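These notes concern the structure reproduced below.
Any value given below was found using the heavy atoms of this structure, including those in side chains, with hydrogens, waters and symmetry copies removed. In what follows, chains carry the letters A, B, and so on, assigned in the order in which the sequence lines appear, proteins first and then strands, with residues in each chain numbered from 1.
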Amino acid sequence: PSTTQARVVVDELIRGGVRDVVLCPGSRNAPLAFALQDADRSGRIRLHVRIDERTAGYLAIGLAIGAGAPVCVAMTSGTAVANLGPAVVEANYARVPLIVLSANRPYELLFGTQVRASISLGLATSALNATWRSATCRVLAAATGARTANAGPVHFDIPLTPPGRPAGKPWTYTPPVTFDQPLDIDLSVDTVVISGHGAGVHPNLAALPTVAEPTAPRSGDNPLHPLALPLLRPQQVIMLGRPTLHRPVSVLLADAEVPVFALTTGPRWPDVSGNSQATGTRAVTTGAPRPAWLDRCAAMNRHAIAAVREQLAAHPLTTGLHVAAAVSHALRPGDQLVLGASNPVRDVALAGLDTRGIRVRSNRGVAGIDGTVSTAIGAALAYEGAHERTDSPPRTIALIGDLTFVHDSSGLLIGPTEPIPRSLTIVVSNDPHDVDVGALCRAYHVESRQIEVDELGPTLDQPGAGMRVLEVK
Amino acid sequence: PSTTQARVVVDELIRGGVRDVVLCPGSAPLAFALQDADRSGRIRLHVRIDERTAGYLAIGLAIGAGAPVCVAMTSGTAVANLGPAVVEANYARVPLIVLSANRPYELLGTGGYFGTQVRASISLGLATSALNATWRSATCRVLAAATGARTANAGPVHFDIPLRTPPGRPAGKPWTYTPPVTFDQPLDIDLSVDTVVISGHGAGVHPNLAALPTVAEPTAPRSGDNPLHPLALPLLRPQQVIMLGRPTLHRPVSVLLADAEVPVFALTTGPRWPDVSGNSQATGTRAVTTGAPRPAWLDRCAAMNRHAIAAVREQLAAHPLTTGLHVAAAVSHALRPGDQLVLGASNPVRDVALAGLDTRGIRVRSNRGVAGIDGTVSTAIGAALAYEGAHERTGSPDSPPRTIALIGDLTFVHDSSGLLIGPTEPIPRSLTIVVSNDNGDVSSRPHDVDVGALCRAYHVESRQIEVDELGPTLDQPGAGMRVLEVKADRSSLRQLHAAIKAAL
Amino acid sequence: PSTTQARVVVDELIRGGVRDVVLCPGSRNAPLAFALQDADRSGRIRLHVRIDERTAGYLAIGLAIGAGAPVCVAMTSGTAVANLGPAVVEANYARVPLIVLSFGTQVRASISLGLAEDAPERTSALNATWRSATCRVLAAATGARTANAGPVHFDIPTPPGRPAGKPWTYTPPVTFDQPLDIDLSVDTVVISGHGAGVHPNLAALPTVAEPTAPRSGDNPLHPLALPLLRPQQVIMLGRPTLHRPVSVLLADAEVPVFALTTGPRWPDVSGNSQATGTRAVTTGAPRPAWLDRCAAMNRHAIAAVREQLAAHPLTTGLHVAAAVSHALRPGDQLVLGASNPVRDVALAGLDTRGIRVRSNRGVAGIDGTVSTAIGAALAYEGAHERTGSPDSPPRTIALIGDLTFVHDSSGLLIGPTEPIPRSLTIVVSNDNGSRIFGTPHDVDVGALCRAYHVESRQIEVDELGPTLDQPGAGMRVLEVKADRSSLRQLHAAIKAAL
Amino acid sequence: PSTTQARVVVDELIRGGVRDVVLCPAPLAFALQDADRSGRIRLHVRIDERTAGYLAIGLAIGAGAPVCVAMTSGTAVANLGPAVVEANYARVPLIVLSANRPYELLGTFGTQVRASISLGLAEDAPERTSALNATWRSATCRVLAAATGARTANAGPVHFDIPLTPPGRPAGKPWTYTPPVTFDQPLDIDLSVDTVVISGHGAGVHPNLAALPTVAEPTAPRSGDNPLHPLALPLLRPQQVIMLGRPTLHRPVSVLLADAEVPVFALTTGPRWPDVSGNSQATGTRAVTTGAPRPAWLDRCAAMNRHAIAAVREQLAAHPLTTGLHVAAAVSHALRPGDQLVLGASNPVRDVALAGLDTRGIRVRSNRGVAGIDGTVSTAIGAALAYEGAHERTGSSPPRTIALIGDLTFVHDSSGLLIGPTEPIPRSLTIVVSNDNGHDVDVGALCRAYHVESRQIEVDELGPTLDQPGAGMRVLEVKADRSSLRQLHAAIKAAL
C-alpha cells in the first residue's frame, strides 16, 4: 500500500537527479521515511537529519545550489509548514529546485503563491505505477524549471518494487528547454552592464563596463567598481538577472532618462521604479562602445579601487571590509565561496573580488541573514559530492557576520551519523552584540579559533581536519 | 488623480493591442476613460449588465482573432460573477484581463479571490512622472502575463485599481517592449513505428507530422490531410501515439491514452502538458523525426477512416427521426472556407466530430477549457464581433465572413440573456446561431421552453426550421444576428449510436 | 461503504433543522443524491433541482431567509464552486446559514469528512465521528456558538443517532451580550439597518429603519427628514447601507455613534464609531422638543413625497413602490430587489410591522432576486403549512426592476417535478434600464415569461392593488411600465417641497 | 505622513492596553522609541524573528495583555510563522505589525489569524488629517478587539499591515470602546451520574463542579479541592465526562474521550470546542447542575488518586538514578504561592503532571497550542518580564519565574538568550535544564556564549539553589539518566 508507492516515488526521484534528502524527526512521521532509509544504505541517496525544521530548509537549499540538483525535504509535524516557510520563500525568489515532501491522510477528518506547483498523490498497480511516476516527474519538472525555465519550490504530498523505465531513465522524459527572446541593443550609446543574481553569460557583452555582483557569473574582463558608478553618466543600461546590492545601482536603475534593457535566463524580469524599456534573454548587438567611454569607465574603476585600498590601509582597526579583502585575496580557482546575504556579499563587492574560476553562492532571494550556516554546510556537501564522482575535495569558504552565525548556530547540531563536509571553513566577522563565538563552537564540538586578518590567508591555505570556524575580531 | 491613473492604464492597454473592452457598469473613473477611447475610435466598448456573460463575451472577443481583452468591473459581486469565465480562460489559455475597482476602506467598514486560476494578480497603486512609469510598467506586466509574452502560457490576469494625461513612449510604443519568445523542446520520434496523432485543444501545427493519420478534435488546427475518424481508433493497433495539445473529447481517445502498453509522446505549444496519459514517455514542443510510416500502415488507417465515416452517414440516413447528430451533420455540410464555427462544449463539439467535419479553411472555436454550459451565446457573439473586426481591418469591401454557432437548447436557454444588448452596442453583422432543440442521479429527473418566445423577448430574428432546410437557410444572409431552431429527438439517440457501433 | 456515510449525514442534517436541499445536475455525484432522494420520498426533506448553479445558490438563500432554517446546496461540477461564488458572498455578508456540499475567506468553516473506510468493525465509533462533524457544520452555519451565521463548505469525497431525533452534539443557541450605557436625554436618532435586533428600551426614539430592519417601536422618522435635523447622538442597529443622508450623518465626526449589533461584527462609516455593544442600558428619556422636531420633519417628508407623486403625471418606479406599499397586509412577505426597489419602498414610507421583508442586502447585488423570492415564498408557505392552519398560504410579493428580472430570468426555469410556490407575485417595475451608466435596453417581459410558461400581465399602477388582492394563481409576474426621464425632476421636486 | 500615521497607531495601541512591543529591525520603528523613552510602552529588540514571536507570546501570557511584534522585512512574516500557529491554537493576543512596499515586491498563514487588515497608504491630506486620524484609530481598535477576543471571546493573532500628534479621545480612552463580552451557553448536567472532570488548556473556573474528581493539566486553572491523578483514570469507568478547555496531555485522557460509550460534555470559555471526543454529546460555557455526586464514586476516585500519588512517590525514592521525573518533582516541591512556572511542552509538562504538582497560587505557562520545542526559552523570558511588570504596577520583591525545559529544547532555542545590554532583562528568571542527553552538546558552554550565569547541580540541591537568586537570568543544569526511564515508568504502573 503506502509502502509500495513510497518506494516507487523514491526511485523516480533518484532517476530524476535527486542525490540528497533532508529529513526531520516528526510529531507524526515522514512520508516514505523507510523507503528513504533503504535508499540511503543502498548508496543511491544521501540522507541528512536535523532537529530544527528551519535550518533543515536552508540545508536543503545549500544541497541544491552547491551542484545544481533538486533536493527533497520531508516534513513530519504540525510545526513543519511554518518552519520551512522562510526556506520556501528563498527558494522561490532565488529559483532553487526544492521539493517539499509531506503527507496528509484521507481517512481522517479535516504555501500558496510561493511554489511552482502543489501536487498530491493518489492514495492506495501496474497502471498505478504509471500514475505515481508521472506525478513525480511532474514534481521534478516544475521544481527544476524543465519546461518553464523557472525553477523553484514544489509541494508534493503523499497521502498516508514495481519497475520503472528500462536503463534507469525518467518515466516521463522532458529534454532541456531553450527559452529565447532576442533584443536589439546598440552599443555605441554609452552603456554599462549591471550584473545581478541569476544572470546569464553573454559573450557579446564581455567588453562592456560591467558592475557585477559576487554571485553573477562574469562574461568578460572589464569590471567597473560599484563606487565608480556615481562618477559616470551612462546613456544606457543593460541589466542581467536581478541586481539588488548597491545604492548607486538602484539610483541609476530608477533614473527615468536612462533606458534599461533587462536580460534574464527565465521568464521573470525585475524593475526599479518601472523604467525598464525592453526585456529579453540575449542581445543582438550593433556598434561598439566609444573608446572615450571605455577609457573613462576604466579610469573611474582604478580610482574607486584605489580609494578602497587606501581607506582600508588608513584604518587601524579590522572592519568587516578588511576581512572580505583578505578572504578575496586568498581564494583560488576551484574554490566555492558562500556569502552571508547581508554585509559579506556587499563587502566582497567593494573589496573587488575577481570571481572567475570561483563558484559564488548567496541567498540573494530575500537577502535574509537567516540560514547561512546550514546553507554553507549544504553547499559544501553537494560540491564535494560532485568532485567525488569525478585528489582532495575542493575548499568551501564561507563568510558570515557574527549575528548571522549565532542566529543559525542550530545548523551546527549535527549528529555523529550524519554527513559532514571535509573542506568547509566558516570565517566569522565580529564587527549591540555580546556573544562569544568560541564557546558557541565548543558547545557544538566544532573546531574554532580566533585569528588576525593578516593570518587568514595562511590559515585558510592549510587543509583543516573537517568543519572549522575562524573568528576574526 | 484617479482620472489620471485610469487614462494612463487605458492608453497603455491600447499600445498592448487591446482592441475590445467589456464594461459592466456600477458605482467609476476607469469607465469614463474607456468612454473617451471608444468615442475616439481607439477601442471598442461593449456594455453588458450581467457580469458572468460579460466575461464569456470577452472570451469570444479574445479567441475571435487572438488579441488580449479586458473586462472592467466596478462592483462587489463583480469578481465572483467572473469566476466561471476566469476558470475557462485558465484552462483554454485565453488572454483575459479582469480590471477591478476595489474599495478597501469600505469592506473594512462592514465588519486574489480567483487564486490559482490566474497567471498574475497585480494591484495598482492607489491614485508626477514617477507614477506614470509605475502605472504603465504594471500594465505592460499585466499584458505580458495575460498573453504569455514571456511564459508562452496565456491566461487570465487580475488587475486591481483601488479608489478613494502623462504620455507613454514615442511612436505609440509599449512602455516595456517584450519581443517574440520562442520556447523550444524537441523530442526524437521514429515514424516507422506505427503512429497515430491525437490532436486536442491548443495543438500547434507540425508540418513534419502532416502525413500521419490524425484524430483531430474540431478546434485543433490540422497539419495535413490524412484524417482518422475517432471511432476508427479502436479498430486499429497503433504502436505509438503523438499527442498534440490537450485532447479531452472522445472515449476511444481516453481509453487509448490510458493504454499502459502504448508509448505516448506529448507535444504542446506552451509549458503545461496534459495528464491524460500516465504512460507519457516524453513531453516537448516539436518532433525531430527519424524515418517514415510504412505505406501499408497509411493505407490501413485511410481505409478504416473511410469505413467509420460511411457507417456514421449510413446510420444517420437509416434512422427515422432528426437527432442532434443530424443537425450537426447538416451544419458541417453547409460550411465553407472562411467561415467561423462556434461550438457548444457538450454535444455539438462531439457531434460535429462524429459527423466528420473537414475543418481546413474554417476557424473552429469552443470553450474546451472546462466545457461548461455557461456563456456559449456570448462567446459566439464576441467571436463573431472580433472576427468581423479583423476582416473590416483588412480593407476588402466584401461582406464579413460568416460566424455559425451550434448549441443545444439547454445551453441556449441558460445563456439566453447574452442576447440582451443595448441599442448602441456593437452587434455582429453575420452571426447565425443554430439551436439543436432536443429538450435535454436524482438531478437527472424536462424543459418545455419556447425558444422563439425567448428570441422575441430580446428582439432577435428567429425561425423554426427542419434539418433539410438548414443548408439553404444558412446560405441566405439575414439580419446581423439571428437564431435558427431545429427540433430534435433525444430518446432515439442511444439507439442511433448503438447502430453506428454495431455497423463498424 | 459510502452509502452509509451519506445516509447518516443526511439524517443528521435533518435532525439539525435542514428542511430544504438544492441540487444541480452535474457531471459527477450520485450517492449523496440517493440518500437525499430517499429522504425526499419519505417527506423528511424537500429537494429542489436547478440547472443553473448560480440560480441554485440564490434559491437556497431564499429558502434560508424565508423561515430562518439552514439550507444545503449540493455541488457537482468543475464550474460549480465558481458559479456558487456570488451566493456564498451574499450569504457571508448577510449572515445566511448556507451549507455547500462537495471560497477561503468567505466561509465560517471548511470541513472535510473522512473518506469512508470499509470496515464494519468500527461502524459505532465512526458513526459518531460523521455526526459530530455534521453538527460542527450546522453550528458554524447557524452561528450556534459564534452568533455569526454564514456559509459553510462541507466535503464528502443506517446506524442510528441520538434517541428522540435529538442532534448528536447538542449546542443550545447562544446568548451573546455586551451592554452599553447610553443617555437618552441627549437628542438621539436610531438608524436601523439590515440584521438589526429588536430593542424595547429604544422603542420611543425617532427611528430611520431600512425596510428589512424589524421595528422596535412606533416612532418612525423618514430618511429624507434626517438632513433637516441635528441629532446630538446616533444609535446604529445592524448594518445600514441605504441612504446617503444616513452615510453622511454616520460619517459626521461631531456626532457620537453607538453601534448595537446581534452578532460579533460591527460596521462603521469613516471609522466614526465611539462604542459597540449588543444592547443599551439607558438613563433618561428623550426631551419632548426633540420628539416634536422629529415628528414635524417626518410629516413634511411624508407630505412632500405623497403630494409630489400626485402632482407628477408619468408613472415612475416610486409610484409602483408606493402602490405595492399600500397593498401590503399583516402576514405578507415582501421581497425587494437590491437597488431601486428597496430605496423606493423606504422613500414611499412602508410601515413594515406585521410584514416579513427580505432583501439581499449583504452585497446588494442585482443577481438572484427571482430565485431568492421563489425560495423565500416556498419556505414561508411551508412553515405556515406546518402550523396545520386551515387558511391558504400567505402572499409573498416581490418588487424588482426589469434588469434584475432578465438577469435572473433563468430562475423561472423550474421543472414540473419541482416545488413551485402557491402564492408568489413578482411585480416588475420596468424602467428600461447615457450609454454606460443608464444601460438602455428593450426587453419584452411578457415574451420572456411566456418562454418559461409563467403567467404575466402588463398593467397600470392603479390596477396593482386590486390585482394584488386576488387569490393565488400559483406564480405570476405583474409588469408596470415606468419612466426614468422624469425621475430626476420628481426627486428634485420632493427635495424642494421638503 | 507615514511618520504621523505610525505615531497615531502606536498611541491607539497604548490606549488599548498594549504595554510591550517586540521589534525586529522605519517610521513605525521610530514611533516606538519615543513611546519607550516616554515610558508609555516597554520596547524589546531582537534580531531573529522566530525568537521575537515567541518572546511576544511570553509577554502576552505572562499577564494577559495584548502584545505587538513590529517587523520590517520580507523574510519577516514567514519567520513569524511558528509563533502565529502557537498563538492561534493557544488563543494568545499577538498583533503582528508589518510594514512593507507593494511596488518593490512587484518589481522583483491566512487561516491562522483572526483578522488581516491592511491600513491605508499614508496620504498627506493636510486638511483630511482628522478623518485620517479616525480611520487609522478605528482600524487599530478593530485589530485590538480581534486580538483580545473583545467581541468574539476568541483571542488570537492578528495581521496588521501598514504599507509604504493628532489627538485620540479625551482621557486616554480608545477610539471605539468595546465593553466586556460574556458568551453564555448553559448546559443541564446531572451530577448524580458518576462524573469525572478533565480540564485542559484554556479551561475556565466552575465553582459548581468543585466537588467532582478532576484531572487537570498543569496549565489548567484549578477550581476544586478534589484532584484525580492521571494514572488513576484507566482504573476507573466514569459514566459522564465534563471536558474543560482543550485537553491534550495524556493518552488515558484520549482513550477515555474517544470511548464511544461515555457521554462527554464540553465546557469552554470561547466559541471553539475540542473535537477530541467523537461522542461529544453537548457543548456550552457553564453547567447548571442537578444533584450531587454519589459518595461511593467519590470514595473510589479518592482511593485511586492516593494509590497513584503513592506509586509515583515510592518508586521515585527507590530509583537509584536521577531522571527527568526526579527533576520535575524537585521543582514542584520548591514552588510557593506567587511563583510563575513555565514548562517546555514535551516531557516537562507531562513529568510535572505525574509528579502531582499543586497549582494553587501558582501561575503555570506552557506553549500547549502545538506543543513545539520552538521558542521555549524566549517564551519564558517574555513571561518573566511581563509577570514582573504586573507586580510593579500593583505597588508591592519581584516574584520568581521558574522554567523547566529539556536539554534539546534549550539547545534549540538557546539563541533566545541573545539579549542586547540596553534591552529589558528579567529580574528573577531561573531556567532549570533537565539534561538526560535527549547530540553531545555542552550546555554550560552555551550559557557562556550568551554570558548567562550557569551551574551544574544535583537534584537535591535544587530547592536550596532556587532561593539563592544571584543574576536576574540564570541556568541550572541537572544531569539526569534516560537509560533507566522505561523501567521507572514500568515500576510506577506496576505499583498502581
Side-chain angles (χ1 to χ4, degrees), chain A residues 27 51-54 77-90 93 109 111-112 114 242 244 253 268-274 276 341 363 365-371 403-404 406-410 412-416 432-445, chain D residues 45-51 53 73-86 88-89 104-110 112 275 278 346 369-374 408-409 411-415 417-423 438-451:
Chain A
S27 168
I51 305 292
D52 191 349
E53 299 161 339
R54 179 174 69 175
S77 320
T79 49
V81 157
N83 267 319
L84 280 161
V88 173
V89 172
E90 177 59 42
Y93 284 95
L109 209 153
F111 294 110
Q114 306 284 311
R242 169 152 164 274
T244 47
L253 294 171
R268 295 166 160 189
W269 86 88
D271 62 78
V272 185
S273 313
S276 304
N363 289 333
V366 175
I369 64 169
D370 306 62
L403 287 163
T404 307
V406 68
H407 181 123
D408 196 31
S409 44
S410 153
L412 302 175
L413 185 123
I414 312 176
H433 66 90
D434 220 357
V435 48
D436 178 319
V437 178
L440 208 82
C441 290
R442 286 164 324 95
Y444 298 100
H445 299 317
Chain D
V45 173
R46 294 295 189 279
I47 303 299
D48 183 350
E49 287 128 356
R50 191 169 73 175
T51 286
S73 63
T75 55
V77 300
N79 249 315
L80 203 89
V84 171
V85 172
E86 175 58 38
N88 176 27
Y89 291 105
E104 189 164 319
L105 219 48
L106 181 60
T108 70
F109 192 97
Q112 300 301 293
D275 42 18
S346 84
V370 283
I373 47 179
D374 308 270
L408 176 154
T409 307
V411 175
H412 175 101
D413 196 32
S414 47
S415 93
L417 299 171
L418 186 104
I419 304 180
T422 45
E423 301 320 293
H439 77 72
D440 288 276
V441 184
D442 193 314
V443 174
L446 271 172
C447 304
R448 292 172 214 149
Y450 301 102
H451 298 307

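Interatomic distance, D:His451 NE2 to A:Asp434 CG, rounded to the nearest 0.5 Å: 4.5 Å. The NE2 atom of D:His412 lies 7.5 Å from the CD atom of A:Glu53; values are rounded to the nearest 0.5 Å. Of the inter-residue distances, the one linking D:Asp442 atom CG with A:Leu440 atom CG reads 11.5 Å to the nearest 0.5 angstrom. To the nearest 0.5 Å, atom CG of residue D:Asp48 and atom CZ of residue A:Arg54 are 4.0 Å apart.
Counting all heavy atoms, side chain and backbone alike, A:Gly85 lies closest to D:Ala78 at C-CB, 4.1 Å. The shortest heavy-atom contact between D:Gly372 and A:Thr79 is CA-CG2, 4.3 Å.
Neither the backbone nor the side chain of A:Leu109 comes within contact range of chain D; no heavy atom of the residue lies under 4.5 Å from a heavy atom of that chain. Proximity to chain A is limited to the side chain of D:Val85, based on heavy atoms less than 4.5 angstrom apart. Within the 4.5 angstrom heavy-atom criterion, no atom of D:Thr422 approaches chain A. Neither the backbone nor the side chain of D:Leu80 comes within contact range of chain A; no heavy atoms are under 4.5 Å apart.
No more than 12 heavy atoms of other residues, nucleotides or ligands lie within 6.0 Å of OH in D:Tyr89, so this atom counts as exposed by the packing criterion.
Ranked by heavy-atom pairs under 4.5 Å with chain D, the list A:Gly438, A:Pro432, A:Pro86, A:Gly365 is led by A:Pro86. Interface summary for chain D: among A:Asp370, A:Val88, A:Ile414, the most heavy-atom pairs under 4.5 angstrom belong to A:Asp370. Between chain D and the residues A:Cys441, A:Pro270, A:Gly415, A:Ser276, the most heavy-atom pairs under 4.5 angstrom are made by A:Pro270. Contact count against chain A (heavy-atom pairs under 4.5 Å) is highest for D:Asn79 among D:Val370, D:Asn79, D:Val441. The candidate with the highest count of non-hydrogen atom pairs below 4.5 Å against chain A, out of D:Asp440, D:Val443, D:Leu417, is D:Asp440.
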Step-by-step side-chain contact (heavy atoms from CB on, under 4.5 Å) determination, A:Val406 to D:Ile47:
CA-CA 10 Å; A:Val406 68; D:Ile47 303 299; over 6 Å; no
List the steps and the verdict of side-chain contact (heavy atoms from CB on, under 4.5 Å) for D:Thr108 and A:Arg242.
CA-CA 7 Å; D:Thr108 70; A:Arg242 169 152 164 274; 3.4 Å; yes
